[PDB]
Amino acid sequence: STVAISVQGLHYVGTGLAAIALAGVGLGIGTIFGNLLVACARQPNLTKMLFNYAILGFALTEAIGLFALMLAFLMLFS
Amino acid sequence: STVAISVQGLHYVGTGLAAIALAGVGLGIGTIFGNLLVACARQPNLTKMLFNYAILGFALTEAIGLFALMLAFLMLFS
Amino acid sequence: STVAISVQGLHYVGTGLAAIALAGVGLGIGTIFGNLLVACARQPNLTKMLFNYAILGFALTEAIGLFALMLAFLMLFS
Amino acid sequence: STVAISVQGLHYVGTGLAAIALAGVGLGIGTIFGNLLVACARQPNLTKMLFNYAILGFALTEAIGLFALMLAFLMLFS
Amino acid sequence: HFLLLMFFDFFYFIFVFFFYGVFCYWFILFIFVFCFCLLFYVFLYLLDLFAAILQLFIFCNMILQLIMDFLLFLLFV
Amino acid sequence: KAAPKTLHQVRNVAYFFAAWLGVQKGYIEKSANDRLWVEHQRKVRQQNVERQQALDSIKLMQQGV
Amino acid sequence: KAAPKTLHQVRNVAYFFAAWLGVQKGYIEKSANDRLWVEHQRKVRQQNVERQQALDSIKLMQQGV
Amino acid sequence: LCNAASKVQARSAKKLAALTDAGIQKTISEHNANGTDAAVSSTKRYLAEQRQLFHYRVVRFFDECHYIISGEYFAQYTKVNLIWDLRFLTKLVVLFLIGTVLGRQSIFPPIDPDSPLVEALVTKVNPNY
Amino acid sequence: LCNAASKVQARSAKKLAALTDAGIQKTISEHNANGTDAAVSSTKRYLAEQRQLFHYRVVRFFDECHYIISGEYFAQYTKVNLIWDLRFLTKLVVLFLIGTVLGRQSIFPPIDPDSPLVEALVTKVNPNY
Amino acid sequence: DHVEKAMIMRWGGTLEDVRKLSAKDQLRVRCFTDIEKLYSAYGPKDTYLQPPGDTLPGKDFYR
Amino acid sequence: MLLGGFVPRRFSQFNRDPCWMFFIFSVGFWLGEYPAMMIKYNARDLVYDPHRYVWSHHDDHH
Amino acid sequence: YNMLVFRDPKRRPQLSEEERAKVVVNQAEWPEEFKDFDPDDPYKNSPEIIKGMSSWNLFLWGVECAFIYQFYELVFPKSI
Ligand SMILES: CCCCCCCCCCCCCCCCCC(=O)OC[C@H](COP(=O)([O-])OCC(O)COP(=O)([O-])OC[C@@H](COC(=O)CCCCCCCCCCCCCCCCC)OC(=O)CCCCCCCCCCCCCCCCC)OC(=O)CCCCCCCCCCCCCCCCC
Ligand SMILES: CCCCCCCCCCCCCCCCCC(=O)OC[C@H](COP(=O)([O-])OCC(O)COP(=O)([O-])OC[C@@H](COC(=O)CCCCCCCCCCCCCCCCC)OC(=O)CCCCCCCCCCCCCCCCC)OC(=O)CCCCCCCCCCCCCCCCC
Ligand SMILES: CCCCCCCCCCCCCCCCCC(=O)OC[C@H](COP(=O)([O-])OCC(O)COP(=O)([O-])OC[C@@H](COC(=O)CCCCCCCCCCCCCCCCC)OC(=O)CCCCCCCCCCCCCCCCC)OC(=O)CCCCCCCCCCCCCCCCC
Ligand SMILES: CCCCCCCCCCCCCCCCCC(=O)OC[C@H](COP(=O)([O-])OCC[N+](C)(C)C)OC(=O)CCCCCCCCCCCCCCCCC
Ligand SMILES: CCCCCCCC/C=C\CCCCCCCC(=O)O[C@H](COC(=O)CCCCCCC/C=C/CCCCCCCC)COP(=O)(O)OCCN
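Residues numbered from 1 in each chain as written, not as in the entry; some residues may be left out. Chains lettered and ligands numbered in written order. Part of a larger assembly, values for the part shown. Heavy atoms only, no water.

On the chain H side, the residues contacting the 27 residues of chain F number 30 residues. Approximately 2500 Å² of surface area, both sides summed, lies buried where chain F meets chain H, with 69% of it carried by carbon and sulfur atoms. Across the chain F-chain H interface, the total number found is three salt bridges. Between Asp85 of chain H and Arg11 of chain F there is a salt bridge, with the nearest N and O atoms lying 3.5 Å from each other. If you look at where chain F meets chain H, you find 11 residue pairs in polar contact. Of the residues belonging to the side of chain F that touches chain H, the class tally is 14 nonpolar, eight polar and five charged. (Contact = heavy atoms within 4.5 Å. Buried area = accessible area lost by both parts, 1.4 Å probe. Salt bridge = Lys/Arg side-chain N within 4 Å of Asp/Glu carboxyl O. Polar contact = N/O pair within 3.5 Å; in protein donor to acceptor, adjacent residues only side chain to side chain. Nonpolar A, V, L, I, M, F, W, Y, C, P; charged D, E, K, R; others polar.)

Rendered as structure tokens:
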């Protein structure tokens, strides 16, 4: 027979999962600054262009992290 | 017996799981740019072709993340 | 007692789990291009050839994600 | 039928999951402060610039860490 | 094709039922969303065009690999 | 290039801006009214549900199980 | 005065006439609908009057003068 | 049905011949010789000019804004400018009111559910309108 | 807020200088020297010409009607005329539909009182609209 | 086919019942079906989920 | 393979080739069908079906 | 230049600078369609296929066809 159930607390669980993705982002960041330093040591003359490309790396990875965070916040308030 | 149950909040759970698919996407993008810097340090004259290939890699990885995000938003609205 | 229970929302959960597969696929693709850059800065005369192989690798690696994605659709539309 | 439930304890579970986001974050920092050392040995003359870039990367990762921490605390005191 | 269908449905929805915001004070949000949708539209079409050809290439490559695994070549003397 | 003897273009832009601001005033007013009516309909449905529940309760008492 | 190479003015007049005829179609439709609704409201009022008269008659019988 | 048409054509022909503008008559004669339409040609020339003058309009707008902001406009202020500004203000007010009416898509403000005038809405003769 | 304005003005100035139309440049130079507006002058010239060409339009309409009625138009009928007539028919249909919608002041036909859709009218969320 | 199915199921369950309506009513019904199509997964869910307390007919209306 | 052919420089040149004339006509149809849907499906007098809760595809496919 | 993904082909030069400098240009021999020829706009003076038929007119024709397609049933509805 039919039983429709609306469990309110579940929206917390999913929110937490949406935050786990942030790890794959944050680690992502370090990698870019893990290698940037090495590059600056290998070719110190390009300390500027490499910095800009890493910042672009941060932007693209960071953008993926806000897309996940939007799902995290939407389910926390709904 | 023939019991049947429908639960409302479960779509918050699955959605969150799909968001975790952006952890390896994030990371991956990270990795590309990391290597890019080293490459630009090893062969500084190739600052544009390597940038183009990095953009291509980001585009493909973003397509995968987007494949996942479609499910994440779709279950959240089902 | 003996109850034939049919829960409806579970198909979301499984679907989300399938999306986690992409976390590898995405990452894997990045790895390829990472090495590609390190390979183009180590022997640029082969760039075009290398690019081709990378694309082949991308097409093989991506294939796997699709499998997972298919399952998601099957469970999400059933 | 029409049924609705409010499981309070779930607010803990989500708070735990968000904490896992720090796992990558912390790891990311390590990667930075790993390569930094390898970068300082090769070019000890550039310790200051590399140190500044490492601090920048640490702050960027800490941003994501605070995002996850904010989610966890909100789901803890709510 | 599933992804294309879903994205097209979303674009139709927002385009038809939220274009009036162009005449409203939140027009900038709609313009941002619309530009993002156009970008996503072009990106998806390019990706599908490339993927179809590449998948045919691999389909034929698998068969040729089967054939090549059992071919033996003699040397002319 | 002498100073402009007329300010036609500034006046045209001002006309557009005035009409646009009026449109925004009207849109805000209409949106507020729509939200009010949505809330009113929700309250009406809730009252109808409560009335039906009360009727069912009285019928249950008449049933006397 | 050579023959006209274009028929712009005739086309413009035809455009106006087409729009005007469409307007007339819509106006006729709306007027018919309004007349129908006026008759419906009149019937509703008449039914209400008859119901009130019947109620008054029953109350009169209950009065029993 | 034909006499009226002939009379109208004759009247318009007389009026067309009456005007003593050299340019208008020259254009009419040229288009009659070529069999083309002068009015449509005028419209196309106008739209072409306006298409080519759009950025001129933008430059003029910025020049006028600088002229007003610099205070030079108010230095030579006269009564004629006051008349023009009053006209400008009147148009602004009327445009704001029309914009409000179009924005709410109603001449009158909408009735709130808690108002006692809701009965009026319920007792509409034609609910479609 | 000021840098953007300067950039827009510079871009429009470049585009204005780019055009290689002798008449447009001459008019722009003359109006800049006199301090007047070229676009507004163009609009006034256009409206004056159209005011002076109204009876020309009437005469042309009657001439075209005679040309069509006499059968001379169909004698030289070609495919291009067919294309133009198809365009004309399409515009006529669209104008008729728009006219109907405006005449009844509703996109959809109004609901009759005896229709079962009257409930929909009664259950409107916002009776004002 | 989908449009006709919706019309038949929502207005009697038989073709004759639908034909008992006028062309204008059928137009309204078909355009509502189009609305549902355009919403799909993003429109409001009250187009097919009856809120509690709603006075409109339910699923057992014709049964 | 996208090798060559007539390519209009701007909108005004689409009328210099019959194929691009058909293309711009089709583009007009494509882009103009959206405003029509905005007007038609956001109309004031558009009313939801009273019997929309009698049946839905959701119950059918379930 | 480009129109979406359609790129205008460009002829490769075949003459060297020395030989090219000795070439005398005489536009009087050129066709009227190509005078003041510009690689960035080679079809500016190209004739219209139909005289008086603008690109905007065709675009508007398509828009009107779409409006008819969507609005005809609103004025002439038909029964199932
Ligand atoms: C609720 C929301 C609903 C929304 C619905 C959707 C809304 C629309 C969305 C978009 C839809 C798709 C696009 C469709 C576009 C269609 C329009 C279009 O393209 O137009 C261009 C088109 C010309 O294009 P073209 O052929 O390429 O032109 C080539 C050259 O450029 C030619 O250049 P030119 O130099 O010729 O330029 C001037 C030209 C161009 O001018 C324009 O462009 C005009 C404006 C264009 C837009 C018009 C839209 C019309 C829509 C319906 C009405 C809405 C209000 C419009 C207000 C207009 C104000 C000016 O002027 C005209 O077109 C003149 C037209 C009027 C002719 C007047 C002649 C009257 C003679 C009467 C004699 C009677 C004698 C009876 C004797 C009987 C004896 C027994 O012009 C028209 O179609 C004109 C239509 C005018 C209709 C007016 C109807 C008014 C209502 C009826 C009259 C009621 C009062 C009077 C009653 C009197 C008693 C009888
Ligand atoms: C329900 C029924 C309700 C019925 C209510 C009653 C209905 C009316 C009944 C009668 C009432 C009494 C009469 C009142 C008449 C008032 C109108 C009048 O006389 O006009 C002549 C008057 C010029 O007369 P004048 O000063 O003697 O001219 C001298 C020369 O003849 C000058 O000659 P010219 O050569 O200059 O000729 C061209 C001139 C003349 O053109 C015209 O005559 C135009 C048509 C005139 C009638 C307009 C009526 C407007 C009524 C409201 C809207 C209704 C729809 C109108 C559709 C018009 C389509 C073209 O063009 C203009 O006027 C251009 C105006 C537009 C300027 C565009 C500039 C935009 C810049 C934006 C920059 C933003 C940057 C932001 C950066 C921020 C950074 C943080 O022009 C106007 O007033 C223009 C008003 C335009 C209002 C448009 C509003 C549209 C809605 C808002 C925008 C929403 C979409 C866009 C949003 C974008 C996001 C921001
Ligand atoms: C480069 C890329 C190209 C495309 C690539 C492939 C596709 C890629 C996808 C995207 C494509 C975008 C769309 C194509 C571009 C269209 C615009 C254009 O360039 O036109 C040039 C065109 C001039 O080119 P032309 O070939 O030299 O034309 C010569 C003359 O036009 C003279 O022409 P004629 O000799 O044939 O004259 C015929 C006749 C015919 O004239 C007319 O009929 C005038 C039109 C009247 C309005 C009718 C409908 C208008 C359409 C609106 C809906 C459009 C929906 C689709 C738009 C999508 C945009 C993305 O004219 C007249 O008689 C004079 C008109 C006088 C009447 C004025 C008053 C009108 C009142 C209207 C009343 C109705 C209003 C509604 C309320 C009514 C309530 C009762 O400029 C205009 O005419 C523009 C006026 C309208 C502007 C707004 C139009 C909609 C929005 C367009 C946005 C486009 C964005 C592009 C971004 C690019 C960034 C890099
Ligand atoms: C004695 C003799 C008497 C003769 C009297 C003659 C009276 C004539 C009266 C007017 C007739 C008009 C007929 C045409 C209009 C028909 C409208 C109609 O049925 O619409 C319904 C149909 C739609 O039917 P529908 O209503 O089933 O579709 C609705 C579909 N849904 C519900 C999904 C939205 O409309 C159309 O299909 C319109 C298509 C466009 C029509 C115009 C075509 C013009 C040509 C364009 C192509 C060529 C372009 C070339 C460009 C490039 C050139 C190089
Ligand atoms: C006879 C027509 C006269 C035209 C005058 C128009 C004046 C309008 C000025 C204000 C417009 C903005 C209003 C903001 C609120 C609109 C809300 C809305 O959608 O309401 C619709 C009115 O909206 C419409 O019908 C039209 C929607 C949008 C139409 C778009 C017109 C054509 C646009 C062409 C776009 C092509 C590309 C141009 C690009 C330019 C910008 C980049 C009516 O329904 P409601 O009573 O609110 O309730 C309905 C629910 N049952």
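Here the narrative resumes.
This part covers the side chain of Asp17 of chain K. Topologically, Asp17 of chain K is positioned in the segment before α1 (18-41). Although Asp17 of chain K is buried, it forms no salt bridge, and the closest oppositely charged side chain is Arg16 of chain K at an N-O distance of 11 Å. Of note is the side chain of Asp17 of chain K, whose polar atom sits 3.0 Å from the backbone nitrogen of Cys19 of chain K. In this structure, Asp17 of chain K is in contact with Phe6 of chain K together with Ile49 of chain L, ignoring residues within four places of it in sequence. (Helix = DSSP H or I, 4+ residues; strand = E, 2+ residues; numbered from the N terminus. Buried < 20%, exposed > 50% of the residue type's maximum accessible area, 1.4 Å probe, protein only. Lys, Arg positive; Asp, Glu negative; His and termini not counted.)

Let us now look at the sheet that holds strand β1 (residues 4-7) of chain A. Read from one edge to the other, the open sheet built from four strands follows the order β1(C)-β1(B)-β1(A)-β1(D), with strand pairing classed as parallel. Strands with a single pairing partner mark the edges of an open sheet, and in this sheet they are β1 (6-7) of chain C together with β1 (2-5) of chain D. Here β1 of chain A runs beside β1 of chain D; their pairing, made up of four bridges, is parallel. Bridged to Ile5 of chain A within β1 of chain D is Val3 of chain D. (Pairing = 2+ DSSP bridges.)

Around ligand 4 lies a shell formed by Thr90 of chain I, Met21, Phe22 and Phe25 of chain K together with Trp61, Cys65, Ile68, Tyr69, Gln70, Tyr72 and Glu73 of chain L. Ligand 4 sits at a junction of chains, with neighbouring residues supplied by chains I, K and L. Contact with the protein chains hides 44% of the accessible area of ligand 4, taken as 1400 Å² for the molecule alone. Listing elements by their share of the shell around ligand 4, those giving two or more residues are α1 of chain K together with α2 (55-75) of chain L. Take the shell around ligand 4: its biggest share by element is seven residues, from α2 of chain L. Class assignment of the residues belonging to the shell around ligand 4 gives a composition of eight nonpolar, two polar and one charged. (Near = heavy atom within 4 Å. Areas by Shrake-Rupley, 256 points an atom, 1.4 Å probe, with all protein chains shown as cover.)

In this model, helix α2 (residues 49-75) of chain B (27 residues) spans 40 Å end to end at C-alpha, consistent with the 39 Å of a helix rising 1.5 Å per residue. Extensive coverage of α2 of chain B is indicated by the burial of 22 of its 27 residues. (Expected span 1.5 Å × (residues − 1).)

All right, on to the packing of aromatic side chains then. Counted by the stated rule, this structure contains 69 aromatic pairs over all chains. Residues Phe10 of chain E and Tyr42 of chain J carry aromatic rings whose centres are separated by 5.3 Å and whose planes lie at 75° to one another, so their mutual orientation is edge-to-face. Remark: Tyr42 of chain J occurs in the segment after α3 (23-39) and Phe10 of chain E occurs in helix α1 (residues 2-18); the pair is interchain, linking two chains. Between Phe19 of chain E and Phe30 of chain E, the aromatic rings sit 5.6 Å apart at their centres with planes inclined by 90°, giving edge-to-face as the arrangement. Here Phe19 of chain E is found in the loop between α1 and α2 (27-68), whereas its partner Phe30 of chain E is found in helix α2, with 11 residues between them in sequence. (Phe/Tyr/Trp six-rings, centres within 6.5 Å; stacked < 30°, edge-to-face > 60°.)

Another aspect to go through is unusual backbone geometry. Phi angles above zero are rare outside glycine, and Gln105 of chain H is one such case at about 55°. The phi dihedral of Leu2 of chain K is positive, around 55°, even though this residue is not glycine. With respect to the secondary-structure elements, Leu2 of chain K resides in the segment before α1. Residue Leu2 of chain K is classed as exposed on the basis of its relative accessible area of 62%.

Residues and elements named next belong to chain E. A cluster of nonpolar residues, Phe18, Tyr20, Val22, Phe23, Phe27, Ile28, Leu29 and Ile31, forms a patch on the protein surface that exposes about 720 Å² of accessible area. When residues of the nonpolar patch are assigned to their parent elements, the largest contribution, four residues, is made by α2. Structurally, the position occupied by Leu29 is in helix α2. Using a relative accessible area of 54% as the deciding quantity, one classes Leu29 as exposed. (Patch = residues over 30% accessible without salt bridge, like charges linked within 9 Å, V, L, I, M, F, W, Y side chains within 5 Å.)

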